[PDB]
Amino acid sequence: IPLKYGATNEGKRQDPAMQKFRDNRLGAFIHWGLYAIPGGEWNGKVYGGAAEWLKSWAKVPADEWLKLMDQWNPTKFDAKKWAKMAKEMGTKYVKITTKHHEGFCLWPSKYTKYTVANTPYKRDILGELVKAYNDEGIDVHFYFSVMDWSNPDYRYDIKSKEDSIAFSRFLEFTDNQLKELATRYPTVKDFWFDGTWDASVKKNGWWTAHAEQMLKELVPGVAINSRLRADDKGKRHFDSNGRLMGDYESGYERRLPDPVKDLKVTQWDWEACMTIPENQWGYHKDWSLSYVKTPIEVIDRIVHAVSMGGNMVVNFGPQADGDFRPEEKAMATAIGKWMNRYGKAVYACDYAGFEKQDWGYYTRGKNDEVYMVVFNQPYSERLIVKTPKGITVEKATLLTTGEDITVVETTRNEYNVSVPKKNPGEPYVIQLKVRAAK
């Protein structure tokens, strides 16, 4: 099908900027906005829904919601501390909410009064974060919500002549903010779009293709996520020729691809994001309301992503005062101790092409290292490895100690790899040397 506004990449991008986005592998997400103030409570009622949607849950008028700017004073905010927290965690990039659905900008936009500038704190939070993260060697990605609850020219659908004209004004406004972010903060490496699912955006595929090109023209090598993009026909993420639009698929949140049934995902770049609670992105005061993931449950999902050729981003919702809740400091600390030991099987790794086994995941390094990441320790003391046609295992090594690991052939294309003599007592890595028959 001829499309003017469909996909622009033939397979994965291999330019250095995309290779860096991919090699980074582990990200953090920051959700910070006016929603951190009520933290899921409005007018004495606590709402179970995602805190950053509280304006919706509590049916708050825009005027009353955005009045929260008068209370915005994150006195314990310290962009250097935040960047050290991310660096200690082992995050290679941070994705920041520049503007959520609420419409409150974390940078002093000249296109709205609903920004950091018009609060008691006054400071350009986005700018302080970009510089602090960048000083730590950490890449910065901008989340941006097209849907904007603060602009009455937004429309969910086009059902009239006045909807058409208002939505045209809305797209001009959106272009102004996007160009302003690209120009103010040229170290930006990615635009992660949200609030682009409505019938209104679907009917403006041309506009989604325009925003992608506009930002690519302003920011050499910038990445753009698939959630932005609709084609000529208003088909999202993948065009009507089934090709991926944008630079990477960003449709995975809180259910990762099946390691046996979804090997299709290894054909394109992709990024999963995840919450620590079941479904809280912004600060919610009461994490007793849903299940809260442990560090290992989070590390399992990071390795799972990389094992299938994808990035993983772990969300944080900072407190209204500018500090991180205890649960989130414990998470970043725990992930960071594990990444310092075992990160060689995450950073710059990818799909290995081996059949999934029960003990954990395989990942593949740039020089054909095959890492076994063991999450489930067999009582048998043998890790089953089934090799693809023509692949043999020549050696196994415990990554953290360098100790040689016994490898025994059990049948054609199957080995037992021995567990370490001493139980590592957490998820661990055995590095395989393998050979391809010519």
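Note that residue numbering follows the sequence shown and begins at 1. Definition used throughout: the rigid core is the maximal C-alpha set that superposes within 1.5 Å between two forms.
Engineer: Give, as the answer, the stretch of 26-34 and 377-385 that departs more from the shown form in 7 other deposited structures of this protein; the measure is RMS Cα distance after a core fit.
Structural biologist: Higher root mean square deviation of C-alphas in 7 other deposited structures of this protein is shown by 377-385.
Engineer: Which of 153-161 and 263-271 lies farther, on average, from the shown form in 7 other deposited structures of this protein once the rigid core is superposed (C-alpha RMS)?
Structural biologist: Between the two stretches, 153-161 moves farther in 7 other deposited structures of this protein.
Engineer: Compare the mean C-alpha B-factor of 126-134 with that of 357-365 as given in the PDB entry, and name the stretch with the higher value.
Structural biologist: Higher mean C-alpha B-factor in the PDB entry: 126-134.
Engineer: State which stretch shows the higher mean Cα B factor in the entry: 61-69 or 29-37.
Structural biologist: Between 29-37 and 61-69, it is 61-69 that shows the higher mean C-alpha B-factor.
Engineer: Between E162, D194, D247, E297, which one tops the list for C-alpha B-factor in the PDB entry?
Structural biologist: The listed residue with the largest C-alpha B-factor is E162.
Engineer: Tell me, please, which of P186, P277, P259, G282 has the highest C-alpha B factor according to the deposited entry?
Structural biologist: Each of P186, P277, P259, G282 was compared by C-alpha B-factor; the highest is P186.
Engineer: Check where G205 lands among this chain's C-alpha B-factors and tell me if it's the lowest, middle or highest third.
Structural biologist: Middle third, going by the recorded CA B-factors of the chain.
Engineer: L398's Cα B-factor: lowest, middle or highest third of the chain?
Structural biologist: Its C-alpha B-factor, which the entry lists for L398, ranks in the highest third among residues of this chain.
Engineer: Split into thirds by Cα B-factor across the chain's modelled residues, where does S380 land: lowest, middle or highest?
Structural biologist: CA B-factor rank for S380: lowest third.
Engineer: Which third, lowest, middle or highest, does the C-alpha temperature factor of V374 belong to within its own chain?
Structural biologist: It falls in the bottom third of the chain.
Engineer: Name the third of the chain's ranked CA B-factors that contains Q19, choosing lowest, middle or highest.
Structural biologist: Middle third of the chain for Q19's C-alpha B-factor.
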